[PDB]
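Participant: Got a structure here, written out as structure tokens. Questions coming.
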Amino acid sequence: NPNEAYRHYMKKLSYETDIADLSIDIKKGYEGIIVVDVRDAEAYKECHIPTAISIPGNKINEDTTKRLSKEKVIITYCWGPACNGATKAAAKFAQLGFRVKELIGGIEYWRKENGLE
Amino acid sequence: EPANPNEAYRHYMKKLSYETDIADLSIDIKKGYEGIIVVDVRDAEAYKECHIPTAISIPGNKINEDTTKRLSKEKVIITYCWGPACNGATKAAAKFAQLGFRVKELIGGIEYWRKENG
Amino acid sequence: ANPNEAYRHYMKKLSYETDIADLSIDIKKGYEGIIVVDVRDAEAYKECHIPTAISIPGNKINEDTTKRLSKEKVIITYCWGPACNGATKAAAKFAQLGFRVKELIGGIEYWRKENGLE
Numbered sequence: 017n018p019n020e021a022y023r024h025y026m027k028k029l030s031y032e033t034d035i036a037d038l039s040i041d042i043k044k045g046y047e048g049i050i051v052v053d054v055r056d057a058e059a060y061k062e063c064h065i066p067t068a069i070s071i072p073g074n075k076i077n078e079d080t081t082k083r084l085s086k087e088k089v090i091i092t093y094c095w096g097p098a099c100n101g102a103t104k105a106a107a108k109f110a111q112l113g114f115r116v117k118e119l120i121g122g123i124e125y126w127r128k129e130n131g132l133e
Numbered sequence: 014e015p016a017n018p019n020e021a022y023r024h025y026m027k028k029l030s031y032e033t034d035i036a037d038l039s040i041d042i043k044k045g046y047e048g049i050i051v052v053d054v055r056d057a058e059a060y061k062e063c064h065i066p067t068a069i070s071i072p073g074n075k076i077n078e079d080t081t082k083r084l085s086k087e088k089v090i091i092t093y094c095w096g097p098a099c100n101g102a103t104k105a106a107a108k109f110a111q112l113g114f115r116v117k118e119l120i121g122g123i124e125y126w127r128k129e130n131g
Numbered sequence: 016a017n018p019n020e021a022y023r024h025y026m027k028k029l030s031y032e033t034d035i036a037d038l039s040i041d042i043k044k045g046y047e048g049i050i051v052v053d054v055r056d057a058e059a060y061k062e063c064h065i066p067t068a069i070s071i072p073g074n075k076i077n078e079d080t081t082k083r084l085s086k087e088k089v090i091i092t093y094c095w096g097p098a099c100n101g102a103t104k105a106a107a108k109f110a111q112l113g114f115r116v117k118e119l120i121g122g123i124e125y126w127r128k129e130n131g132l133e
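Residue numbers (the entry's author numbering), protein chains in the order written: chain B, 17 to 133; chain A, 14 to 131; chain C, 16 to 133.
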């Protein structure tokens, strides 16, 4: 049913984001988002997406998100398509009342397009 | 905990109705099924360099009633972009569904397609 | 979407699919609460497959082939890779047979990169 499909595709787009869109935002210096790296601290220190902050997945709570503005949209990302980090983390953020959005592809897809930091 | 039998069944069934894979699409084209219209959402230049067989060119931010008036709403539209990192197919799928077409996005895009027919 | 809508979306998604890591940990611990099923052809399964997995080709899933399987366990289907539908299609048939199914996103392809099947 055309309408059912429209809502499906629309919602899907509201839950996830791709490398291109995220890439453009960071280059434009968008202040409306907060790119969060769900990987371990060590992985983040070796390299990570530009302007991204570090907040390991099983460490997401109100103590680590108190300084984050609920006025911005959180964008989580893990290693790649084989990881759940971004989705899991997205849940914890949405549960803490944040406007979360997972980055499908993670660092893996990002590397192929853009450069790490 | 995973999901309930019935809930799961509906989930997997719906998912299958929204997306298609390389194999299924490949079979349809091979035996030249006139019940689908494979549309390439990438830029015109990308489509001219190479594209999936029997696919037509209709750039994403160019999908409207002027470009879909010659397309039969009796057929199922199948959009596809570059690969998993692209939104083109999903975005385009929305515009088609909004124009009253029976749309279906191709998960994987050209990237996955290349790996299979070669 | 609104925080709550998102939470339910991500939660449900996690209940329908599983990743290499999680599945990997379960097998290594020798969990008896899951049944890893290979949806690929019999020949593909005999050449190599994920450890402790059983063989049940997709278009062969019915009550005759699932009568010996415990509905007390969670079925985990898997095909070749991201470009395949096997896992999703099979998942539907299992959920339809009243099983607590869960598809493995990535298939053998993703599993190889991490772990070393038998």
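Backbone N, C-alpha and C define an ideal beta-carbon position, used for all residues, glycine too.
State the Cα-Cα distance for the pair residue 135 (chain A) and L84 (chain A), rounded to the nearest angstrom.
Facilitator: In the structure as shown, chain A starts at 14 and stops at 131, and residue 135 (chain A) therefore has no counterpart that could be examined.
Participant: Taking DSSP as the reference, what is the three-state secondary structure of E133 (chain B)?
Facilitator: Residue state, collapsed to three classes: coil.
Participant: Using a cut-off of 9 Å between C-beta atoms, extract the partners of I65 (chain B) located in chain A.
Facilitator: Within 9 Å Cβ-Cβ: nothing; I65 (chain B) doesn't reach chain A, min ~13 Å.
Participant: Identify every run of the beta strand (DSSP E) within the region 41-65 of chain B, keeping only runs that are complete inside it and at least 3 residues long; order them along the chain.
Facilitator: Runs of the beta strand (DSSP E) inside the region 41-65 of chain B: 49-53.
Participant: Among the residues of its own chain, which have a CB less than 6 Å from the CB of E118 (chain B), if the five just before and after it don't count?
Facilitator: For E118 (chain B), where only same-chain residues beyond five positions count, the Cβ hits under 6 Å are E32, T92, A102, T103, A106.
Participant: Cα-Cα, which of B:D34, B:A57, B:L29, B:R23 is closest to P97 (chain B)?
Facilitator: The option with the nearest alpha carbon to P97 (chain B) is B:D34.
Participant: Closest Cβ-Cβ distance between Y31 (chain B) and chain C: below 8 Å?
Facilitator: Taking Cβ atoms only, chain C reaches closer than 8 Å to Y31 (chain B), which makes this a yes.
Participant: At which residues does the beta strand (DSSP E) containing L29 (chain A) begin and terminate?
Facilitator: Careful: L29 (chain A) lies outside any beta strand (DSSP E), inside the alpha helix (DSSP H) at 18-31.
Participant: Counting only runs that start and end within the region 74-129 of chain C, where is the beta strand (DSSP E) found for 3 or more residues in a row?
Facilitator: Within the region 74-129 of chain C, the complete beta strand (DSSP E) runs of at least 3 residues are 89-93, 115-119.
Participant: Among the residues of its own chain, which have a CB less than 8 Å from the CB of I120 (chain B), if the five just before and after it don't count?
Facilitator: The residues are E32, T33, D34, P97, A102.
Participant: Quick one: any contact between the region 53-63 of chain B and the region 71-86 of chain B, if contact means 3 or more CB pairs under 8 Å?
Facilitator: The region 53-63 of chain B vs the region 71-86 of chain B: in contact.
Participant: Do the CB positions of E133 (chain C) and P66 (chain C) come within less than 8 Å of each other?
Facilitator: Against a cut-off of 8 Å, the Cβ pair of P66 (chain C) and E133 (chain C) comes out as a contact.
Participant: Out of A:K75, A:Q111, A:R115, which has the shortest C-alpha to C-alpha gap to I90 (chain A)?
Facilitator: Answer by Cα proximity: A:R115.
Participant: What's the gap between the Cα of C94 (chain A) and the Cα of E129 (chain C)?
Facilitator: Near 28 Å, if we compare the C-alpha coordinates of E129 (chain C) and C94 (chain A).
Participant: Using DSSP with H/G/I as helix, E/B as strand and the rest coil, what is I69 (chain B)?
Facilitator: Correct three-state label for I69 (chain B): strand.
Participant: Report buried or exposed for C63 (chain B), applying the criterion of at least 16 other Cβ atoms within 10 angstroms of its Cβ.
Facilitator: So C63 (chain B) ends up on the exposed side.
Participant: Please state if the CB of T81 (chain A) and the CB of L112 (chain A) are separated by a distance shorter than 8 Å.
Facilitator: Closer than 8 Å, so yes.
Participant: Report the three-state DSSP secondary structure of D34 (chain A) (helix, strand or coil).
Facilitator: It is coil, neither helix nor strand.
Participant: Measuring only between beta-carbons, confirm whether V89 (chain B) sits less than 8 Å from chain C.
Facilitator: Not closer than 8 Å to any Cβ of chain C, the Cβ of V89 (chain B) fails to qualify, so no.
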